[PDB]
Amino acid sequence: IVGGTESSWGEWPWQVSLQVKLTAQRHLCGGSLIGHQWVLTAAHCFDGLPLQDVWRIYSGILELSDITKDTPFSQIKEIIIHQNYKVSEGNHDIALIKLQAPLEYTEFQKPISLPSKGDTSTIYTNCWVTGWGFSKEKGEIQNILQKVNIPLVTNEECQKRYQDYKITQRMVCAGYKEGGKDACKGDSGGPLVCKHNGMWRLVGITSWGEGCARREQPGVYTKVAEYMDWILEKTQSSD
């Protein structure tokens, strides 16, 4: 997060950290808790070798430095990458993670509400992006979860700034004309939430930008509302 400030305990209880435990353990991506056993993140976080065995998912945490061998974590049971996602490309940058065990909700860890089907015409305001990613374009992972408020921009305007790519209706963009506030590397997969009718809603999944926080270069996010059919189908279960 570029241009943000430190979050407080329990402020963003759906924020998770996706880490890989190799010789050392490192935060790679964010994600959002959306159910007891389900996390929503970015597909491109998994572009490396297929090895869900090394991943550890941390919830209810504020500071990466607080993580030790004693910290509880979740493991991956299944990764569901969108069927039209292509490695290294931007379309359909969305993945579902099914956890091996369900999490119980507390004031420190609980789910973010998904967009409601009746809110297709909504123009979201008061949007926040959170994460432990870089605080500057050539920066480093941040210890305390950062937060920044960023306005949405129209897809027409976003497309204007990125005419080397196709900004589709399944993307949503956010940024300032003169930059200065943005998600960055290490924030990928985390939430873009906006308050609507006094409730937080997951509007975007942090995905990409050209550089970080540059003028007239908004952040590109996967538009969760445009994937609700897919989310519901992929998470469905009978009895």
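Superpose the two forms; the largest set of C-alphas matching within 1.5 Å is the rigid core. The first residue of the sequence shown is number 1, and the count goes up from there.
Displacement analysis by core superposition in 4 other deposited structures of this protein ranks 164 to 172 above the other of 137 to 145 and 164 to 172 in root-mean-square C-alpha distance from the shown form. Farther from the shown form on average, by C-alpha root mean square after a core fit in 4 other deposited structures of this protein, is 125 to 133, of the stretches 77 to 85 and 125 to 133. Per-stretch averaging of Cα B factors for 94 to 102 and 164 to 172 places 164 to 172 on top.
Higher average CA B factor: 112 to 120, of the stretches 135 to 143 and 112 to 120. Sorting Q75, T130, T71, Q83 by the CA temperature factor given in the entry leaves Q83 at the top.
Comparing the C-alpha B-factors of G186, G209, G198, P191 in the entry, the top value falls on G198. Among all modelled residues in its chain, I1 ranks in the lowest third by Cα B-factor. Per the deposited record, the Cα B-factor of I67 falls in the highest third when ranked against the other modelled residues of its chain. Compared with the other modelled residues of the chain, the Cα B-factor recorded for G35 ranks in the middle third. Ranked by C-alpha B-factor against the other modelled residues of its chain, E178 falls in the highest third.
Among the modelled residues of its chain, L22 has a C-alpha B-factor that falls in the highest third, as given in the PDB entry.
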